[PDB]
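Alright, two takes on the same chain below, each alone as structure tokens: structure 1 and structure 2.
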Structure 1
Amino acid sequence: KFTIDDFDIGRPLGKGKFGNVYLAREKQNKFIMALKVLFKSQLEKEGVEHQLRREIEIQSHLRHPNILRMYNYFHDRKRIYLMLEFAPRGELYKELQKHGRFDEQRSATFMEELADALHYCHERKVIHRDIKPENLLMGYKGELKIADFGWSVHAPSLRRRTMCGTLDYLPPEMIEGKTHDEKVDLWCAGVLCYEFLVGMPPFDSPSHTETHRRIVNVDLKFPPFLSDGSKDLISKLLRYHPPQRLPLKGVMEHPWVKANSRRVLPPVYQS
């Protein structure tokens, strides 16, 4: 099966908590992909084998147009190689930083894509747990791709207790030490929508204590440039009570999303 010698190596694309990503071309098919290269002795010394395993298990079994595909994986004496979809437009976070804030069409589009991907995950009892711009890539036509599943879990029955994610995105229930479920992803979607439109997350403060206070109080302060529709969606996602948050099908149906999204599904292989 695969070895490194089956790929032309183009150039590096990014880092990663465990290792480097390269642009690559599978020689047989001239098919352009990305290869994430991990060093086995580094992973063992950091103690992260089981964590890496669970990430591979989750990502390699998801097939959705807005989730970055893992085609296959292989290993040699020293390295593990993950064969990944290439995202030609690159990091979403870089694009938000360059533009400052996204307009309503671009934001709504991304929300429809996010909600569809997340609903795909939830139907399979996968919780993402770290939705934020930095974990998203963009396809050839700008399509959102959920790229990183570092905090993700398969949770078919039990509520979870792990504090995880990113400060500005943490849901109240995490901060409060409660159990959590898939509805954490709803809250993070709401934070994301605000950050896309405003260019800063809603609970931004210089002290972690103040940010946590603002989160558990749901101290949301909408800037005046925001449309009523956008505020309506964010408000319905950022509920203190998990069961009261708008479901992901509800995001895909929300009138602001319908009116503003220009989502296009990529072409798929045809017989």
Structure 2
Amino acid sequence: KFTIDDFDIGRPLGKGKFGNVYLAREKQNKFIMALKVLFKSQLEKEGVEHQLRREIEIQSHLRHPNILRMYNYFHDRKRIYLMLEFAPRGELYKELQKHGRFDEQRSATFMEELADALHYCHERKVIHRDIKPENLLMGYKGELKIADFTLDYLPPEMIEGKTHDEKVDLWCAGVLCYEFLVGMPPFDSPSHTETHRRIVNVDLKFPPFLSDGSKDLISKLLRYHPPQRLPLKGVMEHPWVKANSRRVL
């Protein structure tokens, strides 16, 4: 089993909900990775103890080039240490902040890698539920990485308080795609009530600069009735995705 002494702490990568993430290098292989350091005290004082249990069992089973890898984990008196795959190009939200929005081929690539990894998860009976830029990292050549397992991103059924299946991820994928190309989420409002009314009516207002190709994919993904939302397979095969995706494999 591992300890903190097995690793060379190089420098931090940024704070989070429960602790700091450090750039680390295990001395045995001299292999680089990211150490997520969580604090038991707060983990307990916020009841988030249940989820952490699941997010680990998951990555004891999940292995996908587009899902952030947890190599292992340990725990001293005060912390749980997560051995996570290093994402060299940082997080995606900041890239979206920089560029304001991504071009068609950038987003189309992200969508194929996302649809892909999501499918993999579904086969294993795993739903993500919450897919937004903040939960996405980038590889060495920029390939997308679902990292950790909000009003604007909630499907109608989630808002309305109905039971939900895997298809919430299809909805979310559409919302995500939209934000990629536009820069804002599709149902943005200055009140939680107005957003609520916009999600459930699927009040979709597409800006002038958006390609008909993209508009279509988004429209099919963002449908009220869950069983109508375009399956992951249909995403990767969508004309606009095929015509724009540029994934490294």
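Here, a residue number simply tells you its place in the sequence of structure 1, counted from 1. Whichever C-alpha set is largest while still superposing within 1.5 Å between the two forms counts as the rigid core.
Rigid-core fit between the two structures: of 232, 219, 46, 204, the one residue whose Cα shifts 2 angstroms or more is 46. Taking the core as reference, the Cα of residue 15 moves 2.3 angstrom between the two structures.
In this core superposition, residue 61 moves its Cα by 1.7 Å between the two structures.
With both forms fitted on their core, the C-alpha atom of residue 32 sits 0.5 Å from where it sits in the other form; this compares the forms between the two structures.
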